[PDB]
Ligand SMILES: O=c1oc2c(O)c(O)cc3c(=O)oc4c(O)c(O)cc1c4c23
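In structure tokens, the next block holds one chain alone, the form solved without the ligand.
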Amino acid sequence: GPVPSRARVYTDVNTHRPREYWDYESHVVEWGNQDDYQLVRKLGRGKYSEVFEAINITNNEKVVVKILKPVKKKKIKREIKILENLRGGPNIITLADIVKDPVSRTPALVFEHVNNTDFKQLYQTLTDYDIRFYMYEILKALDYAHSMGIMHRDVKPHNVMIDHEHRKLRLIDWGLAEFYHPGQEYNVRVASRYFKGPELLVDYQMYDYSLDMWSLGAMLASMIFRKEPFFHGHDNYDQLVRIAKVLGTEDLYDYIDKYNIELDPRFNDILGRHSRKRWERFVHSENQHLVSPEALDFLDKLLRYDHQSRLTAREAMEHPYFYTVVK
């Protein structure tokens, strides 16, 4: 069977907590007043929820209301408990309220509002300095979450809200987040295709916070190389092949052999043999202003097959890429 794995940081944080911290099934939802909120505009529908722009008629503050769909069930209390555990943390979206929607009869999570610009438009305008700046902001959120025993599991541009006017960033949509418990086996069917770490793509269930560090690297690669998405697979299988065409097959085999993981045999006809590519291969006149030796080295240390070998969020924050960022 597979060789086990543990996080190399924040390994045992949940074990020292009161049971109530991580045993979200027992949580008792505090409810506020639904009549405080007036829906203004439907913004999106996700797999699990309908999102609205709303107004809190009390203090006239704009808010976001996510009306949760009767999904698997227990994810309601997981998301609520994680949001309450992380509330107040750096760059973590604030859960302002929980109300019972009278139409859906389901919980509606009320969040602080962030004035965001569609990442498809925004990323085209980020300067080198801005990429560094906002990456550092994301890292603050991830390190906080990880330090609190939580992995986000769905880091992607759509879940990073940026008010670019005010240089304000929030990491949102904690509905796939989980508590990290050493030795626990998790569902690999998390995250969006283009941001899934190799551990998910090879069906390795004993993963950890380092999953989010891969996702962050996939975001960074798309930003500095102006290639959206960077790893552009047609499905979850081709997704791995797209990674292997960059990182090479030999290191992929070393990774699965380390954990005594066997690839799905359907890779035999599609994976092929690929060398590791030098990152320079992706640099060209249109992205060159976003690339630097520091950016490439940082990226290289995030995008590793072996989840144990990737930089942690705190290690990332130490990297030379961020020396130019004022703090």
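Numbers for residues come from their place in the sequence shown, where the first is 1.
The form deposited with the ligand bound exists for this protein as well; it is not shown, and the discussion that follows is about that form.
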Query raised in the report: Closest heavy atom of residue 255 to the ligand in the entry with it bound, within 4.5 Å or not?
Result: no
Query raised in the report: Closest heavy atom of residue 143 to the ligand in the entry with it bound, within 4.5 Å or not?
Result: no
Query raised in the report: Might residue 225 be said to contact the ligand in the entry with it bound, defining contact as any heavy atom within 4.5 Å?
Result: no
Query raised in the report: Is there a heavy atom of residue 51 no more than 4.5 Å from a heavy atom of the ligand in the entry with it bound?
Result: yes
Query - Contact test, all of 43, 79 and 173, partner the ligand in the entry with it bound, heavy atom 4.5 Å - result: yes
Query - 204, 111, 230, 179 - the one with a heavy atom within 4.5 Å of the ligand in the entry with it bound - result: 111
Report task. Determine the residues of 82-98 with a heavy atom within 4.5 Å of the ligand in the entry with it bound and present them in sequence order; the list may be empty. Result -> 93
